[PDB]
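Chains as they are written, first to last, in this note's numbering: chain A, 138 to 419; chain B, 23 to 124; chain C, 11 to 569; chain D, 272 to 309. C-beta atoms are modelled at their ideal positions from N, C-alpha and C, and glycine is treated no differently.
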Amino acid sequence: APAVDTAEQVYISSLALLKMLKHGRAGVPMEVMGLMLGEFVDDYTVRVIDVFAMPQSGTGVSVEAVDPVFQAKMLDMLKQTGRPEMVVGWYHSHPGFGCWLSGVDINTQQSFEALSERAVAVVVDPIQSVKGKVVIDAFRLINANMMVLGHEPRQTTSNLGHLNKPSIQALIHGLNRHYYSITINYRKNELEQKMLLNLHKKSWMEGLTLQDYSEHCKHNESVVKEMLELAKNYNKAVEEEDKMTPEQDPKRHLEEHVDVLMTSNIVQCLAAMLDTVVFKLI
Amino acid sequence: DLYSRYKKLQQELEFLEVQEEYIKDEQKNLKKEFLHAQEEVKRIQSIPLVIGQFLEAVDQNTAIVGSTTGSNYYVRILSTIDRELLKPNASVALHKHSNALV
Amino acid sequence: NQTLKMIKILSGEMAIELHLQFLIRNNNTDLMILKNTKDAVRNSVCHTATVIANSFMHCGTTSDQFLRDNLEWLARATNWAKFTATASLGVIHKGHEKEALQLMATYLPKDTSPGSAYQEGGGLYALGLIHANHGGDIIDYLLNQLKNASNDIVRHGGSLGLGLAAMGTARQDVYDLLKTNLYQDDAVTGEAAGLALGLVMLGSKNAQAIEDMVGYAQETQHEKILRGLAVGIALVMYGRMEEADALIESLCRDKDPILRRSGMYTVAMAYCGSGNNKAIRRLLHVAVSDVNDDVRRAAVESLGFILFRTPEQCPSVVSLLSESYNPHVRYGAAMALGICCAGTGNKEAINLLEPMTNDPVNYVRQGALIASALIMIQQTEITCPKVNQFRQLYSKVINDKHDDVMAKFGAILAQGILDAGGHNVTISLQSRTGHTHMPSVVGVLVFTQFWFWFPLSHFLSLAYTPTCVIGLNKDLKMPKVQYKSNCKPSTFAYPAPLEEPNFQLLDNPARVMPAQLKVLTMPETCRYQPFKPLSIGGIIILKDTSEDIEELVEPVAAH
Amino acid sequence: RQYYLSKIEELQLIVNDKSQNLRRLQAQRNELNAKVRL
Ligand SMILES: [Zn+2]
Numbered sequence: 138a139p140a141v142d143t144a145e146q147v148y149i150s151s152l153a154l155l156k157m158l159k160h161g162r163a164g165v166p167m168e169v170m171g172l173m174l175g176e177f178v179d180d181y182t183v184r185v186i187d188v189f190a191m192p193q194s195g196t197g198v199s200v201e202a203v204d205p206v207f208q209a210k211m212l213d214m215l216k217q218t219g220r221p222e223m224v225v226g227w228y229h230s231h232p233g234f235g236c237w238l239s240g241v242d243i244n245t246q247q248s249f250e251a252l253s254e255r256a257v258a259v260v261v262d263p264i265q266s267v268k269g270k271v272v273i274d275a276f277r278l279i280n281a282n283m284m285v286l287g288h289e290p291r292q293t294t295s296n297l298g299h300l301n302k303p304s305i306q307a308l309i310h311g312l313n314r315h316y317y318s319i320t321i322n323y324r325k326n327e328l329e330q331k332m333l334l335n336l337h338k339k340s341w342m343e344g345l346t347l348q349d350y351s352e353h354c355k356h357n358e359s360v361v362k363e364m365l366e367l368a369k370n371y372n373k374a375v376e377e378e379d380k381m382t383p384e385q386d387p388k389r390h391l392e393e394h395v396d397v398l399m400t401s402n403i404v405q406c407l408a409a410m411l412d413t414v415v416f417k418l419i
Numbered sequence: 023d024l025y026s027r028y029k030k031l032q033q034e035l036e037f038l039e040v041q042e043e044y045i046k047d048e049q050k051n052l053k054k055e056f057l058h059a060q061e062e063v064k065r066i067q068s069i070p071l072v073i074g075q076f077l078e079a080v081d082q083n084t085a086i087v088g089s090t091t092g093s094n095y096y097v098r099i100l101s102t103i104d105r106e107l108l109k110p111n112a113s114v115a116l117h118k119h120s121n122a123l124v
Numbered sequence: 011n012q013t014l015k016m017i018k019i020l021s022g023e024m025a026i027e028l029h030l031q032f033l034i035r036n037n038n039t040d041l042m043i044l045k046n047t048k049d050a051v052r053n054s055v056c057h058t059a060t061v062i063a064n065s066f067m068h069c070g071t072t073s074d075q076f077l078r079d080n081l082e083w084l085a086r087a088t089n090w091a092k093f094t095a096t097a098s099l100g101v102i103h104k105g106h107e108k109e110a111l112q113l114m115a116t117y118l119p120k121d122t123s124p125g126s127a128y129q130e131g132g133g134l135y136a137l138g139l140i141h142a143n144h145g146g147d148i149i150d151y152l153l154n155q156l157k158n159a160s161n162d163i164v165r166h167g168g169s170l171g172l173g174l175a176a177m178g179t180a181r182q183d184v185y186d187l188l189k190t191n192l193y194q195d196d197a198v199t200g201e202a203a204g205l206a207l208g209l210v211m212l213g214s215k216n217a218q219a220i221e222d223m224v225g226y227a228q229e230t231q232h233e234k235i236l237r238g239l240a241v242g243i244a245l246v247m248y249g250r251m252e253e254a255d256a257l258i259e260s261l262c263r264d265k266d267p268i269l270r271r272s273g274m275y276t277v278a279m280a281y282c283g284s285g286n287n288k289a290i291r292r293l294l295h296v297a298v299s300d301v302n303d304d305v306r307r308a309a310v311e312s313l314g315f316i317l318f319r320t321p322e323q324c325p326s327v328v329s330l331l332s333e334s335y336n337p338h339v340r341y342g343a344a345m346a347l348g349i350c351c352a353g354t355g356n357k358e359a360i361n362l363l364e365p366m367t368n369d370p371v372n373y374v375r376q377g378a379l380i381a382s383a384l385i386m387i388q389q390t391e392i393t394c395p396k397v398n399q400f401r402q403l404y405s406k407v408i409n410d411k412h413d414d415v416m417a418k419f420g421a422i423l424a425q426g427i428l429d430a431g432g433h434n435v436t437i438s439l440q441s442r443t444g445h446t447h448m449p450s451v452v453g454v455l456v457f458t459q460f461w462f463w464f465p466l467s468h469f470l471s472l473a474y475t476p477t478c479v480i481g482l483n484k485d486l487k488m489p490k491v492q493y494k495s496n497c498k499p500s501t502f503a504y505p506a507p508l509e510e511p512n513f514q515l516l517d518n519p520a521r522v523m524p525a526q527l528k529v530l531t532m533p534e535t536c537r538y539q540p541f542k543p544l545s546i547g548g549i550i551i552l553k554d555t556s557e558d559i560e561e562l563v564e565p566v567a568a569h
Numbered sequence: 272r273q274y275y276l277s278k279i280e281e282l283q284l285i286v287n288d289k290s291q292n293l294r295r296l297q298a299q300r301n302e303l304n305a306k307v308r309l
C-alpha cells in the first residue's frame, strides 16, 4: 500500500500566500475560507498555483460553506481566463488560534479527500503573522485504519520532513494523531522577487535628496550631547576599571552613537557635494 | 629539505590568504545578519502589548509576570532590558501572543 | 599463455576474489551491538537505519546471519524501507559475482498487498551493487530488465543498478536507455536516472550528456529529478580540474538552488584533492553568501573533497564553519570534516566534532555522529583516545528513548560505519600509491545524498577499501605466509568484543591498519621475501627463496 | 644556497604575521557569530 512520503512538499505560490494573507486579515475576527488551485505534480510535490476566496457564510468554515454553484462558476470562468488548474485543496484562517484542525475542519478535509487522495487543508493565522514570521501550516489527514493497525502514517525516506519541529499547540489539537503537517515551500522565481523589491525601493531621487540642514543640525546637537553624557559615564566607569581586577556599558552606547553620527554626517557631506557637482548649471 | 621547506612555506601562506578572504566575506555577511536579527528583536517590542506586573525573577532570562488579563505566566525576559529596573510589582509590557516580558 | 594470466589479473576478478576471501576469513563483526540496537529500535526510521548499519558492517562479507535470525523483525520494513533492505542485501554480498543471478533468484519475487515492485527494484539495485564498477557481465541482463521493466519502482531500482554497475564505462547504449527513462518524466525513477547518467558517464566531460542533463534540469518540474540530475552533473565532470570552470560558472549563476548545489558538487568533484585555492575561495564565498541553506551545506561539505589530500590543513578552515549560526552550515562542516579526514583519525577534527555532537539541532547531531564514525573507522584507543568514548556516546544515543529520530538514525549509521566490514575496511579517498580512488570518492559523495534519499546510503559501500596485505606466489595462489607486526598487539588489534610482547605475527591475508603498515615487517626466517617494500602494503608479491614444498592457504567457502 | 634560507626566513616572518592576523580575525568572527546566535 503506497504511503505519502515525509518528503512531500506543498509548493505554495508567492501570490497564493499574498492572497491568503490578505483574505485572512480581511476576515478578522470572523473565519474565512477559500479553495486552492494548482496541480499535483507528483507524489512528493503539490503546487498551489493559485487560490480564490469564497463568500462568507453563516455556517462558518464547513463543507456546507463551499457553495457548489459559486465553486462551479468560478472554476469554469477562471479556466476561461487561463487558469485551468484543478482544485488542490482549501484554506481557512484561524484568527489567533494557531494552526491546527478542529473537528469540523477534519470533517471538511475528509469531504475534500473524497474528491482526491492528495488534497491539503492548509490554514493561516492572520494576526499571529506579524511582520517577520508567517504562521501557516499544511495538513492532509491520517486515515483511521492506518493508525489503529499501528503503521506509521507516513513513510520516511529523507530528513526533509524532520527539518522543522511540530508545535505543542498543534500537537494537542490532534497533530500526528489525525493529520500530519506537510512542509511548506515557497515557489518564488527571480521575476517576482525583483518586482516585490519595488515595495521599498525608495527612488533615484532620495539618493540625491539632502536632509533638512536645520533638522540635521538639531539631530547632530542632540547626538553630541548624548555623546557628552556617555563619555562622562565612560570616564567614570574606566576610572573604576583600574580599581577592578577581572570580576549597559557606557562604551557600547557611545560606540553606536558614534556609528550613527558617522553614517549620517558622512552621507550628508558626500550627498551635498555630489549635488554640487552633478546638479550644476552647466 | 630546503626547497621542500620553501614550498611548504609558500603553500601555507597561500592557504592563509584563502582563510583571510573567507573570514572577511563571512564577517561582512555576519554583520548583515546581526543587523537583521537586531531589527527582529526591536520589532518584537512593537505595539500592542499587554501590561503586567513583574512578580519575581527566576533566572537571568526568565521571570514570572502577572498579566493584567487576570492570569499569571512564567515568561521570558527580553535580553536588552535593563535588569536593575526590573523591580517587584514594576509594571511591564508583555508580548500579546507570547506574554514574554518585552 | 602468460598474457592471458595478465589479462585475468587486470580484469579484476582475481583481486576482488582475494579481497572477498580476506573479508570472509577475517570476518570479525560483533552481533551483540546489533542485538542491542535492534532491542532499541522503535520506529520505521530506526528500523531502516538498523538494516543499513547491518549491511555496512557485513559489507562484502556475505554474512547475512543477522538478517536470517531476525527475518521477523526485518519483515516490518515496507515500501521504500523494504526496497532499501533488499538493496542492502547486495551490499552484504559485495564481490559475489559468480552466483549473483542465482542468489538474487533465491530471493525470488512474490505477490502480496505490496506489489513487490519494491522488492524487484531493490533486487535490481542490489545486483548493481554487487557488480559495482565491474558490471561487465551483468550489464546486458540489467539492460534487458530495464528495457522490459514496466513498474516505476522497478525502473528506479534498475536504473540505479545500471548506473552503478556501468560506473564510468561511458557506454552509449546504457546512456541512451537511461536517457529514455529520464525523459519518461517521473519523479521516483528520475533520481535514479540522473544518478545513473552521472555514474555511467563518470569523469567523461562529454558535451552531449552534460547539455542534455542541464537542459532537462532547466526544463522539468519534479524536484527528485532535480536532485538526481544535480548529482549526475557533478559526477559527469569528475576530476576534470580547470576544464570544468565553464560549467561551474554556469551552475553558480543559475537561479534554481538545486543547480547551485549541483555546481558546488561539481566544484568538489572536478578539484577532488587538488587543494585549488580558487576552488576553496569559491566554495567558501558560496557557503557564507548563498541564500539557500542546502546550497550552503553542499558548498561547505565540498571542502572535504577538495582538501582530503591535505587533511591537516582542513580543520583549520572548517573549524569556524563548525560554529556558524546556520544549522545547515554546521551540518555541512561536520560532513566536510568527516569526508575530509575520513579514515585518518585526526585529533583536531575530533576535538572539533566532540562539542558538535550535542548541538541543539537534531540533524546537526546526526551529521556529527556520521562524520565521527567516518573519521574513527578502524581506529583503536591507543591510536585515538576518544574512540571508546564515541562508542559509548553512540550506544547512549541509541538507548536514549527521548533523543530525536534523525539523531538516532545518525547514531545507527555511525555504529554501522565504525565497525564496517568486520573492522577490515577503511575509508581512503586516496589510493594506496597516492591515486584518487574514484569508487571511494563517488560512493562517499552519493552517500552524502542520504539526506534526500535513504536508499542512496548504500553507495558508501564503494568507499569501503579493505585494509589487507595479500601475499601471492608465482602461481598467484596464496601461500601460508606469516607477517610480523613490530608493535604491541593491542596497538592495531580488533576492538574488544562486547560482553605483553612488543611484536605480533600476522597470517596471510594480513588485516593491517594503514598506520600499522609502517611498523609491519617480515621475518628473515621466512623462506619468502617481499618484492615491493612491505610498508606500502596491499596486494604484495613475495619472492620465495627456498624450494621447500609450499603449503597454500586453504580457500574458505563462501558466506 | 643562502638565497634559499633568506627566502625561507622572509616567508616565515610573513607567515607568522598572517597567522597572528588570522587568529585575530577568527576571534572577531567568533564573537560576532556568538552575538548572532544568541
Ligand atoms: Zn478550522
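TODO: Scan the segment 165-204 of chain C and note each continuous alpha helix (DSSP H) run of 4 residues or more that stays entirely inside, going in chain order.
DONE: Whole alpha helix (DSSP H) segments, 4+ residues: 182-193.
TODO: Report all residues from its chain with a CB closer than 7 Å to the CB of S326 of chain C; omit the five preceding and five following residues, and keep chain order.
DONE: Position 316 of the third sequence holds residue 326 of chain C. Nothing listed; no residue qualifies.
Task: Supposed contact pair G431 of chain C and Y474 of chain C - C-beta distance, whole angstroms, cut 8 Å - done: Your numbering for residue 474 of chain C matches position 464 in the third sequence. Your numbering for residue 431 of chain C matches position 421 in the third sequence. So it is a contact: roughly 6 Å between Cβ atoms.
Open item on the list: Is there a Cβ of chain D sitting closer than 8 Å to that of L317 of chain C, yes or no?
Closed with: In the third sequence, residue 317 of chain C corresponds to position 307, counting from 1. Between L317 of chain C and chain D, the shortest Cβ-Cβ separation is not below 8 Å.
Open item on the list: Relative to the C-alpha of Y248 of chain C, which candidate in C:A525, C:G273, C:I235 and C:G420 has its C-alpha closest?
Closed with: Translated into the one-based positions of the third sequence, residue 248 of chain C becomes position 238. The residue with the shortest Cα to Cα distance from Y248 of chain C is C:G273.
Open item on the list: Please list, in chain order, the residues of the segment 325-351 of chain A that have any C-beta partner in chain B closer than 8 Å.
Closed with: Against chain B - using a Cβ distance shorter than 8 Å - the segment 325-351 of chain A contributes no residues.
Task: 8 Å Cβ cutoff, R27 of chain B in contact with chain D - done: Here residue 27 of chain B refers to the residue found at position 5 when the second sequence is read from its first residue. Closer than 8 Å: yes.
Task: Closer than 7 Å at the beta carbon, the chain D residues around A85 of chain B - done: By 1-based counting over the second sequence, the position of residue 85 of chain B is 63. What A85 of chain B touches in chain D, judged by beta-carbon distance under 7 Å, is nothing: the nearest beta carbon there is about 18 Å away.
- [ ] Quick one: residues in its chain with C-beta nearer than 7 Å to the C-beta of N53 of chain C, no 5 flanking neighbours on either side, listed in chain order?
- [x] For the purposes of this step, residue 53 of chain C is taken as the residue at position 43 of the third sequence. Counting only Cβ-Cβ distances below 7 Å, and skipping sequence neighbours, we find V415.
TODO: Return the residues of the segment 31-55 of chain B that lie within a Cβ-Cβ distance of less than 9 Å from chain D, sorted by chain order.
DONE: Of all residues in the segment 31-55 of chain B, only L31, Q32, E34, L35, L38, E39, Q41, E42, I45, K46, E48, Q49, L52, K53 and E55 come within less than 9 Å of chain D when Cβ atoms are compared, listed by chain position.
Task: Neighbour list for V307 of chain D in chain C, Cβ cutoff strictly below 8 Å - done: The sequence position of residue 307 of chain D within the fourth sequence is 36, counting from 1. Against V307 of chain D, the close residues of chain C are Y335, in the order they occur along the chain (beta-carbon pairs closer than 8 Å).
TODO: For the beta strand (DSSP E) holding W227 of chain A, just list the boundary residues, first then last.
DONE: As a position in the first sequence, residue 227 of chain A is number 90, starting the count at 1. Run containing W227 of chain A: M223 to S230, per the beta strand (DSSP E) assignment.
Open item on the list: When you compare the CB of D23 of chain B with every CB in chain A, is at least one pair closer than 8 Å?
Closed with: Taking the second sequence and counting its residues from 1, the one referred to as residue 23 of chain B is at position 1. False, the Cβ-Cβ gap to chain A never drops below 8 Å.
TODO: Could you tell me if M279 of chain C is buried or exposed, where buried requires 16 or more neighbouring beta carbons within 10 angstroms of its beta carbon?
DONE: Translated into the one-based positions of the third sequence, residue 279 of chain C becomes position 269. When all chains shown are included, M279 of chain C counts as buried.
TODO: Round the Cβ separation of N83 of chain B and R98 of chain B to the nearest angstrom and send it over; I've been treating them as touching at under 8 Å.
DONE: The sequence position of residue 83 of chain B within the second sequence is 61, counting from 1. The sequence position of residue 98 of chain B within the second sequence is 76, counting from 1. Going by Cβ atoms, the distance from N83 of chain B to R98 of chain B rounds to 6 Å, so yes, they are a contact pair.
- [ ] Go ahead and pull the three-state DSSP assignment for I309 of chain A.
- [x] Reading the first sequence from its first residue, position 172 is the one you call residue 309 of chain A. Look at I309 of chain A here: in three-state DSSP terms it is helix.
Open item on the list: For the alpha helix (DSSP H) containing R98 of chain B, name the first residue and the last one.
Closed with: Working through the second sequence from its first residue, we reach residue 98 of chain B at position 76. First-last for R98 of chain B: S93 to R98, but that is the beta strand (DSSP E), not the alpha helix (DSSP H).
Open item on the list: Does the distance between the C-beta of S239 of chain A and the nearest non-hydrogen atom of ligand 1 fall short of 7 Å?
Closed with: For the purposes of this step, residue 239 of chain A is taken as residue 102 along the first sequence, with counting starting at 1. In this structure, the C-beta of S239 of chain A approaches ligand 1 to less than 7 Å from one of its heavy atoms.
Task: Completely contained beta strand (DSSP E) runs for the segment 106-175 of chain C, where each covers 3 or more residues - done: Taken in chain order, the complete beta strand (DSSP E) segments of 3 or more residues contained in the segment 106-175 of chain C number zero; there are none.
TODO: Take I264 of chain A as the anchor and find which of A:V257, A:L334 and A:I273 has the nearest alpha-carbon.
DONE: Translated into the one-based positions of the first sequence, residue 264 of chain A becomes position 127. Nearest in C-alpha terms to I264 of chain A, of all of A:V257, A:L334 and A:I273, is A:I273.
TODO: Find out if the Cβ-Cβ distance for the pair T501 of chain C, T320 of chain C is shorter than 8 Å.
DONE: Locating residue 501 of chain C in the third sequence gives position 491, where the first residue counts as 1. Locating residue 320 of chain C in the third sequence gives position 310, where the first residue counts as 1. Not in contact: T501 of chain C and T320 of chain C (Cβ atoms no closer than 8 Å).
Open item on the list: Contact defined as beta carbons within less than 8 Å: I believe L137 of chain C pairs with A115 of chain C. What is the distance between those atoms, to the nearest angstrom?
Closed with: Residue 137 of chain C sits at position 127 when you count from the first residue of the third sequence. Residue 115 of chain C sits at position 105 when you count from the first residue of the third sequence. At roughly 10 Å, the Cβ-Cβ gap does not stay under 8 Å, so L137 of chain C and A115 of chain C are not in contact.
TODO: Starting from the beta carbon of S123 of chain C, find every residue of chain A whose beta carbon is closer than 8 Å, and list them in chain order.
DONE: The count along the third sequence starts at 1 and reaches residue 123 of chain C at position 113. Chain A residues near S123 of chain C: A138.
Task: Inter-residue Cα distance where the pair is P192 of chain A and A209 of chain A - done: Here residue 192 of chain A corresponds to residue number 55 of the first sequence, with the count starting at 1. Here residue 209 of chain A corresponds to residue number 72 of the first sequence, with the count starting at 1. Rounded to the nearest angstrom, the two C-alpha atoms are 13 Å apart.
Task: For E333 of chain C, the nearest candidate out of C:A308, C:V305 and C:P370 (CA to CA) - done: Residue mapping note: residue 333 of chain C aligns to position 323 of the third sequence, counting from 1. Here the closest residue by C-alpha is C:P370.
Open item on the list: Does the segment 57-74 of chain C come into contact with the segment 290-300 of chain D, if we say contact requires no fewer than three beta-carbon pairs (one atom in each stretch) closer than 8 Å?
Closed with: Per the Cβ contact rule, the segment 57-74 of chain C is not in contact with the segment 290-300 of chain D (fewer than 3 Cβ pairs under 8 Å).
- [ ] Report yes if the C-beta of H57 of chain C is less than 7 Å from at least one heavy atom of ligand 1; otherwise report no.
- [x] Residue mapping note: residue 57 of chain C aligns to position 47 of the third sequence, counting from 1. Answer for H57 of chain C: no, Cβ out of range of ligand 1.
Open item on the list: Whole angstroms are fine: how far does the CA of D255 of chain C sit from the CA of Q32 of chain B?
Closed with: Here residue 32 of chain B refers to the residue found at position 10 of the second sequence. Here residue 255 of chain C refers to the residue found at position 245 of the third sequence. Counting only the Cα atoms, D255 of chain C lies some 25 Å from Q32 of chain B.
TODO: Name, please, each residue of chain A whose Cβ falls closer than 7 Å to the Cβ of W90 of chain C.
DONE: For the purposes of this step, residue 90 of chain C is taken as the residue at position 80 of the third sequence. Residues of chain A with a Cβ closer than 7 Å to the Cβ of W90 of chain C are, in chain order, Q292 and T294.
Task: Outcome for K417 of chain A when other beta-carbon atoms lying within 10 angstroms are tallied against a minimum of 16 - done: For this step, residue 417 of chain A is matched to residue 280 along the first sequence. Exposed, by the Cβ-count rule.
Task: Start-to-end residues for the beta strand (DSSP E) that takes in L455 of chain C - done: In the third sequence, the residue the question calls residue 455 of chain C occupies position 445. Secondary structure note for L455 of chain C: it is in no beta strand (DSSP E), and the uninterrupted alpha helix (DSSP H) holding it is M448 to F457.
TODO: Could you name the residues of the same chain whose beta carbon sits closer than 6 Å to that of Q182 of chain C, not counting the 5 residues immediately before and after it, in chain order?
DONE: Here residue 182 of chain C is taken as the residue at index 172 of the third sequence, counted from 1. Nothing listed; no residue qualifies.
Task: Top-ranked residue by Cα proximity to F541 of chain C, from C:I551, C:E534 and C:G547 - done: Mapped onto the third sequence, residue 541 of chain C falls at position 531. Considering only C:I551, C:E534 and C:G547, the residue with the shortest C-alpha distance to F541 of chain C is C:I551.
Open item on the list: Quick check: the Cα distance between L276 of chain D and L35 of chain B, rounded to an integer number of angstroms?
Closed with: Reading the fourth sequence from its first residue, position 5 is the one you call residue 276 of chain D. Reading the second sequence from its first residue, position 13 is the one you call residue 35 of chain B. Those two C-alpha atoms are separated by around 17 Å.
TODO: Within its chain, find whatever has a CB closer than 6 Å to the CB of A206 of chain C; leave out the 5 residues flanking it on each side and keep chain order.
DONE: By 1-based counting over the third sequence, the position of residue 206 of chain C is 196. Answer for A206 of chain C: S169, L172, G173 and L188, listed in chain order.
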